[PDB]
Amino acid sequence: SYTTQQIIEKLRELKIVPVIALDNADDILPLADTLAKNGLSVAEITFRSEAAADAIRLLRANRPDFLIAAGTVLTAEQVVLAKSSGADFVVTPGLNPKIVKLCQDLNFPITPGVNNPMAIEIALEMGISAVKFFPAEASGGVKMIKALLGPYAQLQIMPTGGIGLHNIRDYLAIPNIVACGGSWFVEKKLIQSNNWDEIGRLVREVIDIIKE
Amino acid sequence: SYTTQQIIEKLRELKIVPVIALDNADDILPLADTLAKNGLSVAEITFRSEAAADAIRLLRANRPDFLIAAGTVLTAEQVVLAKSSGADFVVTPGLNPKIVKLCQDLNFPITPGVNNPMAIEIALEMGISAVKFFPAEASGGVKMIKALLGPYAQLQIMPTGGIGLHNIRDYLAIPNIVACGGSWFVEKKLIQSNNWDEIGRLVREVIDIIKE
Amino acid sequence: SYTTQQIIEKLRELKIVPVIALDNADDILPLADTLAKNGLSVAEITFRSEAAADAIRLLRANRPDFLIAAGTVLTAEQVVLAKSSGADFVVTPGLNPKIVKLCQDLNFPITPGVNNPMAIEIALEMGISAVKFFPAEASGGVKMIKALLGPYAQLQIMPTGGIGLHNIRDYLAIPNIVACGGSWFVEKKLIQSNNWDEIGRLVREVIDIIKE
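Criteria and cut-off values
- Residues numbered from 1 in each chain as written, not as in the entry; some residues may be left out.
- Chains lettered and ligands numbered in written order.
- Heavy atoms only, no water.
- Residues with missing side-chain atoms left out of burial classes, pairs and counts.
- Contact = heavy atoms within 4.5 Å.
- Helix = DSSP H or I, 4+ residues; strand = E, 2+ residues; numbered from the N terminus.
- Nonpolar A, V, L, I, M, F, W, Y, C, P; charged D, E, K, R; others polar.
- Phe/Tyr/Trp six-rings, centres within 6.5 Å; stacked < 30°, edge-to-face > 60°.
- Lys NZ or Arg CZ within 6 Å of the ring centre and 35° of its normal.
- Pairing = 2+ DSSP bridges.
- Least-squares fit on C-alpha atoms.
- Buried < 20%, exposed > 50% of the residue type's maximum accessible area, 1.4 Å probe, protein only.
- Right-handed = clockwise from strand over helix to strand, strands pointing away.
- UniProt positions renumbered as here; feature names shortened; annotations may be inferred.
- 1 Å grid on protein atoms, 1.4 Å probe; cavity = no way out; pocket = protein on both sides within 12 Å on 5 of 7 lines; lining within 4 Å.
- Salt bridge = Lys/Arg side-chain N within 4 Å of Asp/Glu carboxyl O.
- Buried area = accessible area lost by both parts, 1.4 Å probe.
- Axes fitted to C-alpha atoms, helices over the stretch in contact; angles between N-to-C directions.
- Parallel < 35°, antiparallel > 145°, perpendicular 65-115°, else oblique.
- Left-handed = near helix turned anticlockwise from the far one by under 90°.

- Method of determination, as annotated in the archive: X-ray crystallography, at 1.89 Å resolution.

See below:
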């Protein structure tokens with residue numbers, strides 16, 4: 001049971017987080033074996049798919065050490081089920097204060113999404129310094145981030161949205177940016193076709209470009 | 001009186017809503033005749049004009065089945081006056097929780113405006129799933145809307161701001177987009193000169209473009 | 001002591017506000033000197049720098065008629081210290097309702113930052129009509145401002161963020177724009193190397209481009 005800051009530091013070593021949507025929860029086992037084999041033992045499983053909770057539970061049992069996030073959490077029921085399924089922390093696209101307060105009252109780490117100054121100031125008012133920046137590219141990309149970093153100099157940021165091979169290095173060049181999220185290397189059609197080699201290829205490719 | 005969901009379904013058949021600002025309230029009659037004749041029996045009368053409430057009243061008396069929205073509603077006094085004037089629903093540029101609650105406590109349909117994830121979360125927390133997206137082009141346009149529809153896949157959106165003949169079809173191609181608001185076919189200068197023929201043509205032009 | 005409205009009219013005459021980040025408090029005297037000789041008796045001292053309070057106090061004593069703003073104020077302690085040090089008003093990058101209400105409760109003028117309709121409507125609900133627009137360029141610049149001035153036509157705006165010589169005239173051509181904030185003419189390097197002449201040249205350069 002990692003604290004929020006230990007999770008943040010573990011993400012800082014990883015730098016890229018796969019955002020996984022599944023139609024079939026059993027696909028999480030060969031998928032996670034492929035991610036771990038290629039050096040990424042972390043996954044944000046989206047509640048946009050109904051199979052999310054069962055996948056978190058199966059993965060926790062098979063790989064007790066895997067870093068697991070429940071993503072796109074919008075309701076109190078999802079928080080509760082994310083915690084009992086075994087997730088390590090929660091990720092949300094926006095900041096709904098009842099949802100943030102609930103994770104805090106359950107000692108359940110949460111990285112909420114912000115994209116402007118009002119949202120950042122609500123987060124800082126609730127004791128939160130590590131946030132998701134979403135949607136990254138449509139909200140102004142690297143230019144908006146650098147601008148928000150003038151007055152909010154100690155924010156720890158985790159961007160998601162419109163991030164690919166062509167711009168991941170631009171985001172990772174910024175010291176306050178902890179890690180980026182994306183799904184091009186774990187695309188839904190590749191998971192559905194069980195093409196584990198293509199997935200492992202794309203994983204190695206993003207890992208290489210980052211360490212360039 | 002129509003419920004909120006019935007109004008959303010009517011707007012979905014119309015697809016384009018005229019946003020009207022006028023100096024002389026009496027012009028709403030020839031203007032609505034011109035809209036009705038050419039296939040568009042709907043109007044959003046903005047409270048940016050002082051002639052707004054008299055125009056809504058006059059129109060409700062002359063054409064009892066016309067769909068009428070009161071736009072730019074920022075105060076409780078305007079909410080109350082829009083209701084007694086006879087408007088079917090309220091439209092707002094942003095989301096003030098006190099104005100939304102009053103409309104819901106008065107059984108008066110309201111489509112408030114948002115442009116980022118924080119504002120969408122508050123709308124969903126207050127039981128609202130049909131929102132105005134404003135200002136649409138300056139907030140990032142179609143690309144910002146598609147990015148928002150990843151996590152909030154059930155929102156029903158009505159874009160306003162920067163919409164014209166050249167981009168109305170790019171917005172209407174997205175399924176969750178109900179209808180768009182626009183003022184170029186009801187330009188103030190044409191209303192000031194009572195140029196009802198040019199208004200009729202512009203309305204027919206957008207209607208045909210959309211059907212294409 | 002000036003009221004909030006009196007400060008706004010005072011900024012409407014200056015048109016440009018130096019945003020200063022000092023490492024050494026004593027540098028404020030030679031800086032205030034250069035600025036005051038070249039036509040701008042006004043500064044926004046950031047609490048981003050540890051010696052901000054001493055700088056304001058020193059500057060107030062030496063030139064009691066200078067217009068001083070405490071900027072980047074995020075906590076109640078900062079509000080209380082900015083007032084006892086002698087600042088005329090507070091500038092914030094976003095809008096934290098607890099901070100604004102405390103300034104109003106101490107009769108201390110504040111211009112809070114906004115960049116989207118929801119933040120504007122919270123301001124208006126709090127009786128505020130003069131706001132900082134930040135970060136200006138990254139939020140859509142001149143195009144965002146003009147789209148927001150449609151429904152919020154009485155707003156009084158002060159943009160900051162990406163404002164340079166190449167675009168200050170585009171913002172000042174909008175009547176609701178009171179004055180812009182910038183730091184290129186009082187840049188870090190120039191202060192530390194005590195380049196009072198290079199700074200004085202840039203101040204005249206921007207005042208001239210504005211009045212052209």
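Next, the rest of the story.
## Concerning the interface of chain B and chain C
Here is step 1 of the chain: The partner chain C presents 15 residues to the 17 residues of chain B that form the contact.
Here is step 2 of the chain: The dominant element in the side of chain B that touches chain C, judged by the number of residues it contributes, is helix α6 (residues 117–125) of chain B, at three residues.
Here is step 3 of the chain: When its residues are assigned to classes, the side of chain B that touches chain C shows nine nonpolar, six polar and two charged.

## So, the packing of aromatic side chains
How two aromatic rings sit relative to each other is set out by the distance from centre to centre and by the angle between their planes.
Here is step 1 of the chain: The full count for this structure, using the stated rule, is three aromatic pairs over all chains.
Here is step 2 of the chain: The interplanar angle of 75° and the centroid separation of 4.9 Å between the aromatic rings of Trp184(A) and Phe185(A) together place this pair among those described as edge-to-face.
Here is step 3 of the chain: Its guanidinium or amino end placed over the ring of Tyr2(B), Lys10(B) lies 3.2 Å from that ring's centre, counting from NZ or CZ.
Here is step 4 of the chain: In this structure, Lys132(C) packs its charged tip against the face of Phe134(C), placed 5.1 Å from the ring centre.

## Focus on the sheet that holds strand β8 (residues 156–159) of chain B
Here is step 1 of the chain: The sheet built from three strands is open, its strands ordered β6-β7-β8 (chain B) with parallel pairing. Looking at strand neighbours, the two that pair on one side only are β6 (113–114) and β8 of chain B, the edges of this open sheet.

## A word on the relation of the copies chain B and chain A
Here is step 1 of the chain: Expressed as a screw operation, the relation of chain B to chain A combines 0.0 Å of axial shift with a rotation of 120°, fitting to an RMSD of 0.2 Å. The transformation just described matches what one would write down for a three-fold rotation axis. Considering only C-alpha atoms, the part of chain B nearest the rotation axis is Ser139(B), at 4.6 Å.

## Topic: the relation of the copies chain B and chain C
Each copy of the chain is related to the other by a rotation around an axis and a translation along that axis.
Here is step 1 of the chain: Note on the identical chains: chain B maps onto chain C by a rotation of 120° and an axial translation of 0.1 Å, with an RMSD of 0.2 Å.
Here is step 2 of the chain: Mapped onto chain C, only 18% of the interface residues of chain B are again interface residues, and the two copies thus contact each other with different surfaces.

## Overview of the pairing of strand β7 (residues 130–133) of chain B
Every other side chain in a regular strand lies on the same face of the sheet, so the side chains alternate between the two faces.
Residues and elements named next belong to chain B.
Here is step 1 of the chain: Of the two faces of β7, the one holding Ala130 and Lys132 and the one holding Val131 and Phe133 are both buried throughout.
Here is step 2 of the chain: In this sheet, β7 lies alongside β6 in parallel orientation, the contact comprising two bridges. In the sheet register, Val114 faces β7, and the bridge partner there is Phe133.
Here is step 3 of the chain: Following the backbone out of β6, through α6 and into the adjacent parallel β7, one traces a crossover that is right-handed.

## Observations concerning the UniProt feature "active site" in chain A
Residue and element names in this part refer to chain A.
Here is step 1 of the chain: As annotated in UniProt, the feature "active site" corresponds to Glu44 and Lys132 in the numbering used here. Of the residues just listed, which span 89 residues, no C-alpha pair is farther apart than 12.6 Å, and they cluster in one region. The annotated residues named above include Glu44 and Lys132 as those lining the second largest cavity.
Here is step 2 of the chain: With respect to the element layout, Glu44 can be found in strand β2 (residues 42–46).
Here is step 3 of the chain: The residues touching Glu44, leaving out its near neighbours within four places in the chain, are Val17, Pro18, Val19, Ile20, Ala69, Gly71, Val91 and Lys132.
Here is step 4 of the chain: By the element assignment, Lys132 lies in strand β7 (residues 130–133).
Here is step 5 of the chain: Once residues within four sequence positions are removed from consideration, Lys132 is found in contact with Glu44, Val91, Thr92, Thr111, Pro112, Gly113, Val114, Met158 and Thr160.

## Comments concerning the pattern of salt bridges
Residue and element names in this part refer to chain C.
Here is step 1 of the chain: According to the stated counting rule, one finds 22 salt bridges over all chains in the structure shown.
Here is step 2 of the chain: One salt bridge connects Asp105 with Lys101, and the closest N-O pair in it is separated by 3.8 Å. A residue pair is termed a helical-turn pair when its members lie 3 or 4 positions apart in one helix, as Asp105 and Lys101 do in helix α5 (residues 97–105) at four residues.
Here is step 3 of the chain: The exposed category is assigned to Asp105, whose relative accessible area is 53%.
Here is step 4 of the chain: Taking relative accessible area as the criterion, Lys101 reaches 43% and is therefore assigned partly exposed.

## Details of unusual backbone geometry
Here is step 1 of the chain: Going from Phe134(B) to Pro135(B), the amide bond is cis rather than trans, its omega being 0°.
Here is step 2 of the chain: Locating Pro135(B) in the fold gives a position in the loop between β7 and α7 (141–148).
Here is step 3 of the chain: In this structure, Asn107(C) takes a positive phi of about 50° despite not being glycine.
Here is step 4 of the chain: Its place among the elements puts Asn107(C) in the loop between α5 and β5 (110–111).
Here is step 5 of the chain: With relative accessibility at 71%, the residue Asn107(C) sits in the exposed group.

## Description of the interface of chain B and chain A
The accessible area lost on association of the parts is a frequent measure of interface size.
Here is step 1 of the chain: Taken together, the contacts link 13 residues of chain B with 17 residues of chain A.
Here is step 2 of the chain: Around 1200 Å² of area is buried between chain B and chain A when both sides are counted, 67% of it from carbon and sulfur atoms.
Here is step 3 of the chain: The three residues of chain B that bury the most area against chain A are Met118(B), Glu121(B) and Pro151(B), which together make up 43% of that side's buried surface.
Here is step 4 of the chain: For the pair chain B and chain A, the number of links is one salt bridge.
Here is step 5 of the chain: A salt bridge links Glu125(B) to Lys98(A); the nearest nitrogen and oxygen atoms lie 3.2 Å apart.

## Overview of the packing of helix α2 (residues 28–37) of chain B against helix α3 (residues 52–62) of chain B
Residues and elements named next belong to chain B.
Here is step 1 of the chain: It is at 9 Å that the axes of α2 and α3 come closest, and there the two elements cross at 55°. Between α2 and α3, the angle falls in the class oblique. The crossing of α2 and α3 is right-handed. Residues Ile28, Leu29 and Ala32 of α2 pack against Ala55, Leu58, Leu59 and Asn62 of α3.
Here is step 2 of the chain: For the contact of α2 with α3, the class distribution of residues is six nonpolar, one polar and no charged.

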